[PDB]
Structure formats: structure tokens, C-alpha cells
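Protein chains in written order, with the authors' numbering: chain B, 1 to 96; chain C, 1 to 96; chain A, 1 to 96.
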Amino acid sequence: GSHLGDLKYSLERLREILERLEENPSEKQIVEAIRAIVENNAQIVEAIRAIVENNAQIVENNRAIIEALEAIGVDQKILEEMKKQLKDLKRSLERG
Amino acid sequence: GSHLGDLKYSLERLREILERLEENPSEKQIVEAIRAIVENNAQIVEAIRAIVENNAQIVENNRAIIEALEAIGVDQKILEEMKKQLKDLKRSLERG
Amino acid sequence: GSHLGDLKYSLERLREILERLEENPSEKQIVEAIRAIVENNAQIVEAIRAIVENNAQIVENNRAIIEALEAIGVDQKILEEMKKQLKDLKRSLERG
Numbered sequence: 001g002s003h004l005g006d007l008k009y010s011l012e013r014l015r016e017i018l019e020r021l022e023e024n025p026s027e028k029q030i031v032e033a034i035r036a037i038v039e040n041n042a043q044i045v046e047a048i049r050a051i052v053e054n055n056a057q058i059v060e061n062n063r064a065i066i067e068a069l070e071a072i073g074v075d076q077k078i079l080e081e082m083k084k085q086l087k088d089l090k091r092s093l094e095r096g
Numbered sequence: 001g002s003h004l005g006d007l008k009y010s011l012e013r014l015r016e017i018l019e020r021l022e023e024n025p026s027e028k029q030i031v032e033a034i035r036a037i038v039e040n041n042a043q044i045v046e047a048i049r050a051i052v053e054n055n056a057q058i059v060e061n062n063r064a065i066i067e068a069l070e071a072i073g074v075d076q077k078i079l080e081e082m083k084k085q086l087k088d089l090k091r092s093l094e095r096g
Numbered sequence: 001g002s003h004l005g006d007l008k009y010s011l012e013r014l015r016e017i018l019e020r021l022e023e024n025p026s027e028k029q030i031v032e033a034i035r036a037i038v039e040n041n042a043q044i045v046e047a048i049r050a051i052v053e054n055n056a057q058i059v060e061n062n063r064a065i066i067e068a069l070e071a072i073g074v075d076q077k078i079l080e081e082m083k084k085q086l087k088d089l090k091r092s093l094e095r096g
């Protein structure tokens, strides 16, 4: 997926590059700035993506909990409303 | 919200641009690199944002579960501690 | 953590810079574009990171719910499977 540590570290290094860029604008600093940004973007995208997939599992887990609740005689008046929310919520997480 | 597929695809294309930039630095490649980054950033931000809103729903769903649990006589000793966590957790997700 | 409002706002401003860059490419617009991107990246990373930590709390909360469910005599046949999922899910959220 993605390593948050490396991303955050790289971000601070990106800041360092920016400061050097602004102090002395140059083609070198521009390219190096872009490089660091692109490398960060790779981790940025994956960490966003992986979270969504994880969220889908969380929502699916919640659905399993709803079953567990119903199993031991929880009023459907409560559960059914969560079922509506969980269904639509999951939909908003999945892609295809 | 955001389309993870298009973002990831665009990311790989951004990498392609970077490689071309480094091999032959130019104003063209710099601008095109920035363009792709900015377009990615649009999806990056929204996918981050949308997740937080979705998380708020998940936490709210958990609160509904707590009610369902209490309804059928779960010891408050357990539920009350989750209520504390869910309250603060939700707070950290909301903005305004 | 991160302020979604400021990030989204800054994103739209970044777009504005891009449009100016493309219309009239220049060292100034390039540096300013990078600056805005880097500043966004700071918020982008943190909002990604903070979510993962929040997700860990959500999964931990789900584990607490499992206990609450078991407390009042939910069939382990259901709970144990969630325990397996929650354990691995948490693992995928934590870093170190």
C-alpha cells in the first residue's frame, strides 16, 4: 500500500527543496522539486486508495455486527435504519 | 467525489513525464509535469475529503450500534467507554 | 492534523496558477505553482495520515463492540469471524 513515515519524511525534504528554489530559482531546483512531488504523489495516491478499501471492510464489518445484533433480538426498528445507511455508504466507497 | 482509477492512472502518466523531464529538462516538460500534478491534486484532495465525511458516517453508525447494544441489556460499563471514544473521534473528523 | 477547507481552497488557487502558467509560461509561474503544490502536499499528507490513525480507532471500537456482543450471548460463530477480520484490518492500518 503506502508507508506514511516515508511520505511525511519526503514531504519535509520537499519543503527544503522549495525553500532553496525560492531563494535561488533554477532549472535544477525546479526539476528536483517536481521529482520529490511525483514520488510523494505515488505514496499519496496509494494511501488514499488503500484507506477506501479498508473503509469498505469496516462498513462490511458493521453489516456483520448488524447481523450479530439481530441474532439476539435487537429491535429491527433500529437495525433496519443502519442497514440503509451501510448499504449506501458502501456504495460510495466502491469503484468500478 | 473522486475516481481512484483515473487518479492512479494519471499518477503513472505523471511518472512518465518526470522520466522525460529528467532525461531532457525543458520548459515544456516542466509545465506538463505541473499540469498533471495539479490535475492529480484535484482528485487527491477530494478523495481525502470524501473519506473523512464517510468516516463521520461510520462513527455515527457505531453510535447507533451502541444504542442497539444498550437496547438489549449490554453492561453500560462497556458501552459508556465507547461513547467517550466515539464522541471525541467524531469531533476529530468534523470541520468548521 | 489537517484543515480540509484550506486545502480545497488552496487547490482551486493552484488551478488558477496553472491556467496562468499555461497561458504564459514563465519561471515565476513555475515556482509559484510548485510553492502552492508543496503547501498543499503538507495538508494532503497529514489528512491521509490522520485518517489512518482514526481508522485504527474505528477498528478498535469495532473490537470493543464484539466484546459487547459476546457479553450478552451472541453466537461466537459470528463474532469470531469478525475478530479475524478486525485483527488483520488493524494490522494494515498501523505502521512501524
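Every residue gets a Cβ at the ideal spot worked out from N, C-alpha and C, and that includes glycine.
Starting from residue i, find everything on chain B with Cβ-Cβ shorter than 8 Å and list it in chain order.
i: A:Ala-42; result: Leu-11 and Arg-15
i: residue 97 of chain A; result: Here chain A covers residues 1 to 96 and nothing more, so residue 97 of chain A does not appear.
So residue i contacts chain E; which residues on that side make the cut at Cβ distance below 7 Å?
i: A:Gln-57; result: Chain labels in this structure do not include chain E; the protein chains are B, C and A.
Consult DSSP for residue i and reduce its assignment to one of helix, strand or coil.
i: A:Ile-72; result: coil
i: A:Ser-2; result: coil
i: A:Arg-95; result: coil
Check the Cβ of residue i against every Cβ in chain B and list those closer than 7 Å, keeping chain order.
i: A:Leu-7; result: Under the 7 Å cutoff, chain B gives no residues; its nearest Cβ is about 12 Å from A:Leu-7.
So which residues of chain A does residue i contact, with C-beta pairs closer than 7 Å?
i: C:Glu-27; result: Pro-25
i: C:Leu-93; result: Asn-54
Quick one: list the residues of chain A neighbouring residue i, beta-carbon separation under 8 Å, in chain order.
i: B:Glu-22; result: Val-31 and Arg-35
i: B:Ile-48; result: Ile-48
Should residue i be listed as close to the ligand COA, given that the test is whether its C-beta is under 7 Å from any heavy atom?
i: A:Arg-95; result: Among the ligands in the structure shown, none appear at all, so the ligand COA cannot be discussed.
Using a cut-off of 9 Å between C-beta atoms, extract the partners of residue i located in chain A.
i: C:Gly-73; result: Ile-72
i: C:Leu-69; result: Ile-65, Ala-68, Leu-69, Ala-71 and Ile-72
Using only CA atoms, which one of the options lies nearest to residue i?
i: B:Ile-78; options: C:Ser-92, C:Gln-85, C:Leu-86 and C:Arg-63; result: C:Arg-63
i: A:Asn-40; options: A:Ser-10, A:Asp-88, A:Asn-54 and A:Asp-75; result: A:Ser-10
i: A:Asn-61; options: A:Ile-37, A:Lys-83 and A:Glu-19; result: A:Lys-83
i: B:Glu-81; options: C:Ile-65, C:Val-74 and C:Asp-88; result: C:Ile-65
i: C:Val-52; options: C:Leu-93, C:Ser-2, C:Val-38 and C:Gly-5; result: C:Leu-93
Residue i versus chain C: which residues are under 8 Å apart at the beta carbon?
i: B:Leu-79; result: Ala-68
Would you list, in sequence order, the uninterrupted beta strand (DSSP E) runs of no fewer than 3 residues that lie entirely inside the region 23-63 of chain A? none
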